[PDB]
Amino acid sequence: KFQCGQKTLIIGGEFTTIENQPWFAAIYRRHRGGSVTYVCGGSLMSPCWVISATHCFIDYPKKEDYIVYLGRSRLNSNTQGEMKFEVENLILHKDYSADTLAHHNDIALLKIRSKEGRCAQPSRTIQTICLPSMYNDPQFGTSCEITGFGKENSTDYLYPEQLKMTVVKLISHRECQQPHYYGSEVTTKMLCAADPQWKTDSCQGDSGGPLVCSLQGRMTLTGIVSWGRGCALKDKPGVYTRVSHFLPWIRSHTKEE
Ligand SMILES: NC(N)=Nc1ncc(Cl)c2ccc(S(=O)(=O)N3CCC[C@@H]3C(=O)O)cc12
């Protein structure tokens, strides 16, 4: 059975396997076709719920178009033990908003289900992540994990075939709001996270994926990759949806209603 956050023992710097990030959900879109093409990262919540970012689904809002993979560490080929699902519920945040850079309320939920009507089942390669609880977040300077199939340099037209991960250090809301950084583009419903350093970061294609921090033991879904200016630029960290600010929203949409 599922025990959230525990493994079986990106400009960024590291290729990985899925047992290193076993809650990582890889979200694709059925075409013509087909001709499934990668869309966004995600994270497993409970056996029937994946959480991602709304900006991912905004241009193709049809749930019946989507495919979620769990236990997958390759962009375009299969992984022993990978599990394939369809989306029978796609919920976007109704207060979502963007300008040319920043996304506000950048959070989405997908209720998953397989061709044989099954929810997700635990394994060495598939595992839930823990939610934060109301109000507590990691404090700044905490080193956290980001995982994704995103671009390896911002100018690339190609994406990596092997899942990448990196570590990034949480920046204070107040430092992120400095003119040289983001100013008021960043809100208290977002978290900034960068490298000291500026050599590792999230990028195009990493959207929706996990920002994982360890709180009080548990490995917890603290952030969802959302946006940033360029990739691994100085004074321009990555910006993440603050998942804690949204538990009423998750709970209101996940439990029954
Ligand atoms: N982390 C960081 N630093 N930038 C990005 N973080 C997350 C995401 Cl999802 C993206 C997505 C796109 C880009 S980008 O550089 O491709 N891009 C397109 C929209 C504006 C931005 C840009 O050109 O500055 C950067 C990040």
# chains A, B, ... in the order shown; residues from 1 in each chain; ligands from 1
>>> residues_near_ligand(ligand="ligand 1", cutoff="6 Å", atoms="only C-alpha atoms and all ligand atoms", output="ChimeraX atom specification")
/A:101,154,201-207,225-232,236-238
>>> closest_atom_pairs(of="region 181-225 of chain A", to="region 145-148 of chain A", cutoff="7 Å", atoms="only C-alpha atoms", output="tab-separated table")
residue	atom	partner	partner_atom	distance
A:206	CA	A:148	CA	4.9
A:209	CA	A:148	CA	6.2
A:210	CA	A:146	CA	5.7
A:211	CA	A:146	CA	4.7
A:212	CA	A:145	CA	4.8
A:213	CA	A:145	CA	6.4
>>> select_by_dssp(residues="region 142-238 of chain A", states="strand (DSSP E)", output="PyMOL selection string")
chain A and resi 143-148+164-171+190-194+210-215+218-227+238
>>> write_last_selection(atoms="N, CA, C and O atoms", output="compact mmCIF listing (two decimals), in the first residue's frame")
# COMPACT_ATOMS: atom_id res chain seq x y z
N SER A 143 16.89 23.22 0.91
CA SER A 143 17.27 22.65 -0.35
C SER A 143 16.17 21.66 -0.72
O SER A 143 15.80 20.79 0.10
N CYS A 144 15.65 21.83 -1.95
CA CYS A 144 14.51 21.08 -2.47
C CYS A 144 14.83 20.46 -3.85
O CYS A 144 15.74 20.87 -4.56
N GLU A 145 14.05 19.45 -4.21
CA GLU A 145 14.24 18.73 -5.46
C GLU A 145 13.22 19.18 -6.50
O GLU A 145 12.05 19.30 -6.21
N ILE A 146 13.70 19.44 -7.71
CA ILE A 146 12.85 19.60 -8.91
C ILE A 146 13.18 18.52 -9.91
O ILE A 146 14.36 18.29 -10.19
N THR A 147 12.13 17.84 -10.42
CA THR A 147 12.23 16.85 -11.51
C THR A 147 11.36 17.12 -12.77
O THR A 147 10.22 17.59 -12.69
N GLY A 148 11.92 16.79 -13.93
CA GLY A 148 11.25 17.04 -15.20
C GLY A 148 11.95 16.55 -16.46
O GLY A 148 13.14 16.21 -16.45
N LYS A 164 15.37 14.12 -15.85
CA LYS A 164 16.40 14.83 -15.10
C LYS A 164 15.83 15.26 -13.75
O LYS A 164 14.61 15.31 -13.56
N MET A 165 16.73 15.55 -12.82
CA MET A 165 16.39 16.16 -11.54
C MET A 165 17.54 17.05 -11.09
O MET A 165 18.69 16.93 -11.57
N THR A 166 17.20 18.01 -10.24
CA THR A 166 18.19 18.83 -9.59
C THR A 166 17.76 19.34 -8.20
O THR A 166 16.61 19.09 -7.74
N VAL A 167 18.69 20.02 -7.53
CA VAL A 167 18.43 20.65 -6.22
C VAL A 167 18.55 22.14 -6.38
O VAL A 167 19.44 22.67 -7.06
N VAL A 168 17.65 22.83 -5.70
CA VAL A 168 17.50 24.26 -5.88
C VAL A 168 17.17 24.82 -4.48
O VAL A 168 16.54 24.15 -3.64
N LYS A 169 17.66 26.01 -4.19
CA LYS A 169 17.47 26.55 -2.84
C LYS A 169 16.39 27.67 -2.80
O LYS A 169 16.48 28.69 -3.51
N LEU A 170 15.37 27.45 -1.98
CA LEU A 170 14.29 28.39 -1.70
C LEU A 170 14.74 29.84 -1.34
O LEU A 170 15.52 30.04 -0.39
N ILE A 171 14.26 30.82 -2.13
CA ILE A 171 14.51 32.26 -1.96
C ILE A 171 13.34 32.91 -1.18
O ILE A 171 12.20 32.40 -1.22
N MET A 190 3.18 32.30 -4.52
CA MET A 190 4.29 31.67 -5.27
C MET A 190 5.48 31.55 -4.33
O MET A 190 5.52 32.22 -3.33
N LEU A 191 6.44 30.69 -4.68
CA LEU A 191 7.71 30.51 -4.01
C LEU A 191 8.76 30.59 -5.08
O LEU A 191 8.61 29.94 -6.12
N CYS A 192 9.80 31.40 -4.86
CA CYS A 192 11.00 31.36 -5.70
C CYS A 192 12.03 30.32 -5.18
O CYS A 192 12.13 30.06 -3.96
N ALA A 193 12.77 29.71 -6.11
CA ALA A 193 13.79 28.69 -5.79
C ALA A 193 14.83 28.68 -6.90
O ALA A 193 14.49 28.52 -8.10
N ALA A 194 16.08 28.89 -6.50
CA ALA A 194 17.19 28.98 -7.43
C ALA A 194 18.43 28.33 -6.86
O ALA A 194 18.41 27.73 -5.79
N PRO A 210 7.00 18.42 -9.88
CA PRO A 210 7.29 18.56 -8.43
C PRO A 210 8.42 19.51 -8.05
O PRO A 210 9.52 19.43 -8.60
N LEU A 211 8.16 20.38 -7.08
CA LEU A 211 9.23 20.90 -6.21
C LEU A 211 9.07 20.22 -4.82
O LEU A 211 8.10 20.47 -4.10
N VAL A 212 10.00 19.31 -4.51
CA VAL A 212 9.91 18.43 -3.34
C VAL A 212 10.89 18.91 -2.28
O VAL A 212 12.05 19.16 -2.57
N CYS A 213 10.38 19.08 -1.06
CA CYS A 213 11.23 19.41 0.11
C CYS A 213 10.95 18.43 1.26
O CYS A 213 9.83 17.93 1.38
N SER A 214 11.95 18.15 2.11
CA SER A 214 11.63 17.34 3.29
C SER A 214 11.28 18.22 4.48
O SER A 214 12.09 19.03 4.94
N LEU A 215 10.05 18.07 4.95
CA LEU A 215 9.55 18.71 6.15
C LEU A 215 9.36 17.65 7.23
O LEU A 215 8.62 16.68 7.00
N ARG A 218 8.69 13.94 6.38
CA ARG A 218 7.99 13.60 5.15
C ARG A 218 8.42 14.41 3.92
O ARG A 218 8.78 15.61 4.01
N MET A 219 8.47 13.71 2.79
CA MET A 219 8.89 14.28 1.53
C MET A 219 7.63 14.85 0.92
O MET A 219 6.66 14.12 0.68
N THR A 220 7.63 16.16 0.72
CA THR A 220 6.35 16.84 0.53
C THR A 220 6.30 17.75 -0.67
O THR A 220 7.27 18.46 -0.96
N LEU A 221 5.14 17.74 -1.31
CA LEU A 221 4.85 18.56 -2.48
C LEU A 221 4.61 19.99 -2.05
O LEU A 221 3.47 20.40 -1.80
N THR A 222 5.69 20.74 -1.98
CA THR A 222 5.70 22.13 -1.57
C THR A 222 5.41 23.13 -2.72
O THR A 222 4.84 24.21 -2.47
N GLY A 223 5.78 22.77 -3.95
CA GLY A 223 5.68 23.64 -5.13
C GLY A 223 5.41 22.90 -6.44
O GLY A 223 5.66 21.71 -6.55
N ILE A 224 4.90 23.62 -7.43
CA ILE A 224 4.62 23.06 -8.76
C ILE A 224 5.29 23.98 -9.76
O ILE A 224 5.05 25.18 -9.72
N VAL A 225 6.19 23.46 -10.58
CA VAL A 225 6.92 24.31 -11.54
C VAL A 225 5.89 25.14 -12.31
O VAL A 225 4.86 24.61 -12.73
N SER A 226 6.16 26.42 -12.46
CA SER A 226 5.22 27.32 -13.03
C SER A 226 5.77 28.25 -14.07
O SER A 226 5.25 28.28 -15.20
N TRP A 227 6.76 29.08 -13.71
CA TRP A 227 7.27 30.06 -14.67
C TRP A 227 8.62 30.61 -14.25
O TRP A 227 9.07 30.37 -13.13
N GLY A 238 13.54 30.28 -10.68
CA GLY A 238 12.28 29.63 -11.00
C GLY A 238 11.20 29.96 -9.96
O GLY A 238 11.52 30.21 -8.78
>>> closest_atom_pairs(of="region 76-145 of chain A", to="region 39-62 of chain A", cutoff="9 Å", atoms="only C-alpha atoms", output="CSV")
residue,atom,partner,partner_atom,distance
A:90,CA,A:61,CA,8.1
A:91,CA,A:54,CA,8.2
A:92,CA,A:54,CA,5.3
A:93,CA,A:54,CA,6.6
A:96,CA,A:54,CA,7.4
A:97,CA,A:55,CA,9.0
A:98,CA,A:55,CA,8.9
A:103,CA,A:55,CA,7.7
A:105,CA,A:54,CA,8.1
A:106,CA,A:53,CA,5.1
A:107,CA,A:53,CA,4.1
A:108,CA,A:54,CA,4.7
A:109,CA,A:51,CA,4.5
A:110,CA,A:50,CA,5.0
A:111,CA,A:49,CA,4.7
A:112,CA,A:48,CA,5.1
A:113,CA,A:48,CA,6.8
A:118,CA,A:48,CA,8.8
A:119,CA,A:48,CA,5.3
A:120,CA,A:47,CA,4.5
A:121,CA,A:47,CA,6.6
A:122,CA,A:47,CA,8.2
A:126,CA,A:44,CA,8.4
A:127,CA,A:44,CA,7.0
A:128,CA,A:44,CA,4.9
A:129,CA,A:45,CA,5.9
A:130,CA,A:45,CA,7.1
A:131,CA,A:45,CA,7.6
>>> write_last_selection(atoms="N, CA and C atoms", output="short mmCIF file (atom, residue, chain, number, x, y, z; two decimals), in the first residue's frame")
data_model
loop_
_atom_site.label_atom_id
_atom_site.label_comp_id
_atom_site.auth_asym_id
_atom_site.auth_seq_id
_atom_site.Cartn_x
_atom_site.Cartn_y
_atom_site.Cartn_z
N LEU A 90 -10.76 16.44 -15.42
CA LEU A 90 -9.71 17.46 -15.54
C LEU A 90 -10.21 18.76 -14.96
N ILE A 91 -9.65 19.15 -13.82
CA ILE A 91 -10.06 20.37 -13.19
C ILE A 91 -8.93 21.42 -13.20
N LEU A 92 -9.28 22.60 -13.69
CA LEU A 92 -8.38 23.76 -13.76
C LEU A 92 -8.83 24.72 -12.71
N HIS A 93 -7.94 25.59 -12.27
CA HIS A 93 -8.29 26.57 -11.27
C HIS A 93 -9.00 27.72 -11.97
N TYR A 96 -7.31 31.22 -12.36
CA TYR A 96 -6.03 31.22 -13.11
C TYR A 96 -5.94 32.48 -13.96
N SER A 97 -4.73 32.98 -14.12
CA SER A 97 -4.53 34.27 -14.76
C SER A 97 -3.06 34.31 -15.20
N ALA A 98 -2.74 35.06 -16.24
CA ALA A 98 -1.35 35.28 -16.58
C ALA A 98 -1.13 36.62 -17.22
N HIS A 103 2.30 33.52 -14.07
CA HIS A 103 1.05 32.78 -14.01
C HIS A 103 0.60 32.85 -12.55
N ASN A 105 -2.32 31.49 -9.67
CA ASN A 105 -3.18 30.32 -9.43
C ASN A 105 -2.92 29.14 -10.35
N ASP A 106 -1.64 28.84 -10.54
CA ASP A 106 -1.20 27.93 -11.59
C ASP A 106 -1.21 26.47 -11.10
N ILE A 107 -2.41 25.93 -10.97
CA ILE A 107 -2.60 24.63 -10.34
C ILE A 107 -3.77 23.86 -10.95
N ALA A 108 -3.55 22.58 -11.18
CA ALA A 108 -4.57 21.74 -11.75
C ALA A 108 -4.52 20.34 -11.15
N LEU A 109 -5.67 19.66 -11.23
CA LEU A 109 -5.91 18.27 -10.74
C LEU A 109 -6.47 17.39 -11.84
N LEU A 110 -5.94 16.17 -11.94
CA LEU A 110 -6.39 15.16 -12.88
C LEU A 110 -6.78 13.84 -12.17
N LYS A 111 -8.02 13.43 -12.35
CA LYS A 111 -8.45 12.18 -11.77
C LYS A 111 -8.14 11.12 -12.80
N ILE A 112 -7.32 10.15 -12.40
CA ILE A 112 -6.80 9.15 -13.32
C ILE A 112 -7.51 7.81 -13.17
N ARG A 113 -7.42 6.98 -14.20
CA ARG A 113 -8.18 5.76 -14.30
C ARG A 113 -7.66 5.02 -15.52
N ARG A 118 -9.15 0.83 -13.36
CA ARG A 118 -8.33 0.75 -12.12
C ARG A 118 -7.66 2.09 -11.77
N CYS A 119 -7.53 2.37 -10.47
CA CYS A 119 -6.72 3.50 -10.01
C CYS A 119 -5.26 3.06 -9.90
N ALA A 120 -4.38 3.95 -9.46
CA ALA A 120 -2.97 3.60 -9.38
C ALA A 120 -2.72 2.59 -8.27
N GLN A 121 -1.74 1.72 -8.48
CA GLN A 121 -1.32 0.71 -7.51
C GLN A 121 0.17 0.89 -7.16
N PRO A 122 0.53 0.84 -5.85
CA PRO A 122 1.93 1.02 -5.43
C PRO A 122 2.92 0.01 -6.00
N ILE A 126 6.21 3.54 -8.47
CA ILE A 126 5.04 4.41 -8.35
C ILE A 126 4.69 4.59 -6.86
N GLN A 127 4.56 5.85 -6.43
CA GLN A 127 4.41 6.22 -5.02
C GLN A 127 3.77 7.61 -4.93
N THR A 128 2.84 7.80 -3.98
CA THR A 128 2.30 9.14 -3.68
C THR A 128 3.37 10.09 -3.12
N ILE A 129 3.08 11.39 -3.08
CA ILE A 129 3.91 12.40 -2.38
C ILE A 129 2.97 12.97 -1.36
N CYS A 130 3.53 13.57 -0.30
CA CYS A 130 2.68 14.15 0.73
C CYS A 130 2.41 15.60 0.41
N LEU A 131 1.20 16.02 0.76
CA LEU A 131 0.80 17.41 0.71
C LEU A 131 1.39 18.16 1.88
#
>>> atom_distance(atom1="CA of residue 114 (chain A)", atom2="CA of residue 16 (chain A)")
25.8 Å
>>> atom_distance(atom1="CA of residue 180 (chain A)", atom2="CA of residue 196 (chain A)")
14.9 Å
